[PDB]
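You are given structure tokens for the same protein chain in two forms, set apart as structure 1 and structure 2.
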Structure 1
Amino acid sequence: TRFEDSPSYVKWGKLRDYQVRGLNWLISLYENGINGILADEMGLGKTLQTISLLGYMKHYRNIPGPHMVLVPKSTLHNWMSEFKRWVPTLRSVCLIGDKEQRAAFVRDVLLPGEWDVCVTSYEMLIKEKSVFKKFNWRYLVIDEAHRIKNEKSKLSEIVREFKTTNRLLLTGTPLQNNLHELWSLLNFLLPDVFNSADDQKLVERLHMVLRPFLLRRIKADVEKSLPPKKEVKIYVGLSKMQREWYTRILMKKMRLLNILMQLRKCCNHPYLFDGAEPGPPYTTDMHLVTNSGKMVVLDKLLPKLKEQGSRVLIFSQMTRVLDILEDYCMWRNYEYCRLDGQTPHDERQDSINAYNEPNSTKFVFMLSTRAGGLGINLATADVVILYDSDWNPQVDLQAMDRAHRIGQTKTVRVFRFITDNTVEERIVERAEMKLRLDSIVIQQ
């Protein structure tokens, strides 16, 4: 009883079934005067659905009101290109650059009022909050809505300060740690409906409450590809130096302030501590692997996988651990590619393109777990090694799906290294609780 086919304003393509039904849901949401969250996993055209919604609201309903889209800086060019490609009728402008460019833009394009859609970023919004305050915005779209999940944050406060008539949250994972984040998002959406702080008494009541405010479609509508991932947990034991340092840290000159943060890397590698490594000569020979159980298992596994399918991704939460891994790979004469927070943007693209060549000698790609900008199409890999585990299960899920992309043709192995009788067991238990909460709430 709604738009059953691709609209007329959309050019260069016909919208598929999931996006047309999502557009129908957004139209019904606007008609009923409700703001909602669109969580269509990671890559089934959420941008396309938002663009189609804006085109509908401009054409089929003669309301040319201003619209704002908040996006990460990395996605600005993609958003503008998509706006020019799919719905060229609307006028979309972007605010980027330093003070002179910002002032020139606001004086030339923004203030006169020829624009219809504004595609800015978080930082530019914080810089130009005073200028943006004046307009009476109609539609406020927030890509990667998990950015405002924490109240008392400046972005959330500023975005709530604004004056709007419609809102739309665009996230991939709404629930990450606890229901307070979901309440914050729903408070931004409908402050009147949700104003207080907070399987029939639960689960079902949550589902029936959140159903008219959420629309999620897991990556199973299309499928026909993407062999399922196999996850194996490998348990390792502390080496002698790891055991001694663990006991010394627990009982108690280097400072040990965050004891959990010291126990962590102590599980990763004692070489991260000052003075644990042997003397000044500073050689790299066989006392690096034997001093860490994870290193021993990794040295057993990597040659095996290289004789096997190879193309292994190693995700870690520590750049120091990445340095030690780089030293090990250089000793073993593998090909290591590194992607880190300190890697410049040009180097990132070159590294990913070189690792994704149709025939390349690259074997190990080393990434920081959260350094990815939710892109990085490493579809040529086979094995994902989580050297260290994060509290947030969604971060690990994204690390895994950087190799579980659409272009994948071979099933992926996820090797999760866990130390026995350490704090990593507590970390894994916390992650399991969070993942179970997220599954029972959203995934069902």
Structure 2
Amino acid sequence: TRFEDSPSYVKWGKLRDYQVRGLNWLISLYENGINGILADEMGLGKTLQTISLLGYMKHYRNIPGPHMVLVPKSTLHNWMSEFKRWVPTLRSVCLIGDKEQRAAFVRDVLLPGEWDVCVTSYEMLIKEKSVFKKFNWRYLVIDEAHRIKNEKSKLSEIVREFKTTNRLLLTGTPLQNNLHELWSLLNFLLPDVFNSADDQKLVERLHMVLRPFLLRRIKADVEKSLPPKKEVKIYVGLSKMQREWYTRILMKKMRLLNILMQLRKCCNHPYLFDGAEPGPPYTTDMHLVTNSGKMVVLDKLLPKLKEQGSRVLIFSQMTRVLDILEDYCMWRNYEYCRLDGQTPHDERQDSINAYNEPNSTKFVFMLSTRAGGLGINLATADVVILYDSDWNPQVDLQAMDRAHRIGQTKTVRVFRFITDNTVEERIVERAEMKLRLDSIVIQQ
């Protein structure tokens, strides 16, 4: 019904068959006049398809007026650079900076309306909802649709109150822990259709109702490249002092308002808590490892991963642990790069992009469960180390497959540390259940 090979107006774009068929599918969805969800987890890209969609909408029957793209602030410069490189015919503007900078921007750009695509962040959108509500919208592009997964959130209300003729949601993790998230997404797409919250009342009916306006293609089933990862769990024990502290915490001066939280990271490292927290900073010497069996095991496992490859990209669950280990691996006897929420974003982007290096000989690099977004592949990363698992399995999946870009042509390895007769196994089994639910919903 539409083009079968690369569109003539793309500049140097090399979108393949899956990309062109997704473009045709989105064009047909626009034709029939319904919104949709582009559920491409990875290996396919959504930025290219979205930019190609908007470029087609401009270079065909004219609709060059207002258009809104919602991105996290951490990827705005990347989005603008990719847009300029790929399709430079359209004009793009960005809403950033403080109050006076955004006032300068609205005055010198927004009122004249010489722009086709407007790229901003969630926070700026909340700040300037009133300024943005004076303009009609024809194709609202939002990435990471799980950002509006729940109702009663301010962003959900703001985006609902917006006036958009059509909508487009980009998400790689369509389901997290329950069907009310997919219901929220579908209700935002079609409020007049999915008004009510309502094996046959399940699974299969869900598949049938999601088929018409959803796309889900596996990177392995499309390209057959990107050799699959190997996932290994390591059943780690815990020290006797760790057990004693775990007991004295569990059965009961220190504050333990949230009992599950305060009887949790205990297995990660004992001295994370107060009371027995590191005392006088004697020096950076051998005191931290000897008190925790998990880091003892990590130290024992280091040499084999060090003998070759050795870019790890270790993952931990506690920021406390991430930052201490970030400033710790340098002292241990290695070189590192640091990623955290305390690092500024504008510097962060170029910093990580430049830190992507053919030869570093540094052996360590640490990213938090949240601090890592979606981008920047280290082809040298081989062995994934999961110190502790988060409740959300999709966050763990994102942390695992952030190294599963094409930039990575080697089989990648995953290491998992698990304690025994503790709540870490509880978190693991809950994550397994949620991951299985997501798999059955989005694959069967």
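Throughout, rigid core stands for the largest set of C-alpha atoms superposing within 1.5 Å between the two forms. Residues are numbered by position in structure 1's sequence, first residue being 1.
Only one candidate in 183, 162, 122, 355 has its Cα displaced by 2 Å or more between the two structures after core superposition: 355. In this overlay on the rigid core, residue 345 has a C-alpha that sits 2 Å or more away from its partner position between the two structures.
Core-aligned CA deviation for residue 87 between the two structures: 2 Å or greater. Annotation for residue 408: C-alpha shift of 2 angstroms or more between the two structures, rigid core superposed. With both forms fitted on their core, the C-alpha atom of residue 142 sits 0.4 Å from where it sits in the other form; this compares the forms between the two structures. Aligning the rigid core between the two structures leaves the CA of residue 278 offset by 8.2 Å. Taking the core as the reference frame, the CA atom of residue 376 shifts 3.4 angstrom between the two structures.
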